[PDB]
Amino acid sequence: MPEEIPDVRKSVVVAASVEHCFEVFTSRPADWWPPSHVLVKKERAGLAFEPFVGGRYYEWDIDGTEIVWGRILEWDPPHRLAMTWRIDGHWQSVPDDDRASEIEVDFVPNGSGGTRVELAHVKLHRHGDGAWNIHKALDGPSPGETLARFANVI
């Protein structure tokens, strides 16, 4: 749905405190996880994950049980955020990371309550397990880097 799997992505500035950036992910991503149409049979509504290295990430579906939505890489206090995403191309589950890719995200205060973050993705295709289909569902209106949809809803 989005431009073909692009290598390093770009950065965007959004109006939000740095604490909000890390807090919003752990606060309740369901607040803006659903854009309009989702390939998932049921729209995600509840979310709960342990933020740590090798942590486990799962979400609750309106009628579906818990499915892994990704994983974690490392939590760095207000300044650097990194997370590994482990998911199946068929939106099923991946008990082990065989070809999972890592994501690098940095959050730093920009000007006033505005925070600027640089998000880059590399070797995401290494998954070659159909993970691209998962991105299509996450890709909502106005396709673009994750910061694009995140900044608009934020």
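Structural notes, computed from the coordinates. (Residues numbered from 1 in each chain as written, not as in the entry; some residues may be left out. Heavy atoms only, no water.)

**Comments concerning the sheet that holds strand β7 (residues 101-109)**
Judged by pairing direction, the sheet is antiparallel, and its five strands sit side by side in the order β1-β8-β7-β6-β5 without closing on themselves. The sheet is open, and its two edges are formed by β1 (11-15) and β5 (74-76), each paired on a single side. Neighbour to neighbour, the strand axes of the sheet diverge by 20° on average, direction disregarded. Sheet analysis places strand β6 (residues 80-85) next to β7, joined by six bridges and oriented antiparallel. Bridge pairing in β7 links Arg-80 to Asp-106. (Pairing = 2+ DSSP bridges. Helix = DSSP H or I, 4+ residues; strand = E, 2+ residues; numbered from the N terminus. Axes fitted to C-alpha atoms, helices over the stretch in contact; angles between N-to-C directions.)

**Examining the environment of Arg-9**
With respect to the secondary-structure elements, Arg-9 resides in the segment before β1. Taking the C-alpha atoms as reference, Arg-9 lies 14 Å from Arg-116; in sequence the two are 107 residues apart. Sequence-distant contacts of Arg-9, defined by excluding residues within four places in its chain, comprise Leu-119, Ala-120, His-121, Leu-124, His-135, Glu-145 and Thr-146. A distance of 3.5 Å separates a polar atom in the side chain of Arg-9 from a polar atom in the side chain of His-135. (Contact = heavy atoms within 4.5 Å. Polar contact = N/O pair within 3.5 Å; in protein donor to acceptor, adjacent residues only side chain to side chain.)

**Points about helix α2 (residues 131-138)**
Helical geometry note: an α-helix holds 3.6 residues per turn, so side chains three or four residues apart project in the same direction. Residues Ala-131, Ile-134, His-135, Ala-137 and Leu-138 constitute the buried set of α2. All buried residues of α2 fall inside an arc of 155° around its axis, so they share one side. Where α2 is buried, its residues contact β6 and α3 (146-153). (Buried < 20%, exposed > 50% of the residue type's maximum accessible area, 1.4 Å probe, protein only. Arc of directions from axis to C-beta.)

**Description of α3**
Within α3, the full set of buried residues consists of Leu-147, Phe-150 and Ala-151. Along the long axis of α3, the arc covered by the buried residues comes to 100°, so they all point the same way. Where α3 is buried, its residues meet β1, α1 (18-27) and β8 (114-121).

**Thoughts on the side chain of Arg-71**
Secondary-structure assignment places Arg-71 in the loop between β4 (66-70) and β5. Here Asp-97 takes part through its side chain, which lies 2.6 Å from a polar atom of the side chain of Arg-71. Leave out the neighbours within four places in its chain, and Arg-71 touches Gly-54, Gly-55, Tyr-57, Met-83, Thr-84, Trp-85, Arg-86 and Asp-97.

**Observations regarding the pattern of salt bridges**
One pass over the full model with this rule turns up seven salt bridges. Between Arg-99 and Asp-129 there is a salt bridge, with the nearest N and O atoms lying 3.8 Å from each other. Here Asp-129 lies in the loop between β8 and α2 and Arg-99 lies in the loop between β6 and β7, a separation of 30 residues in the sequence. The partly exposed category is assigned to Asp-129, whose relative accessible area is 32%. Connected through shared salt-bridge partners, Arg-44, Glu-59 and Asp-61 make up one network. (Salt bridge = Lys/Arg side-chain N within 4 Å of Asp/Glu carboxyl O.)

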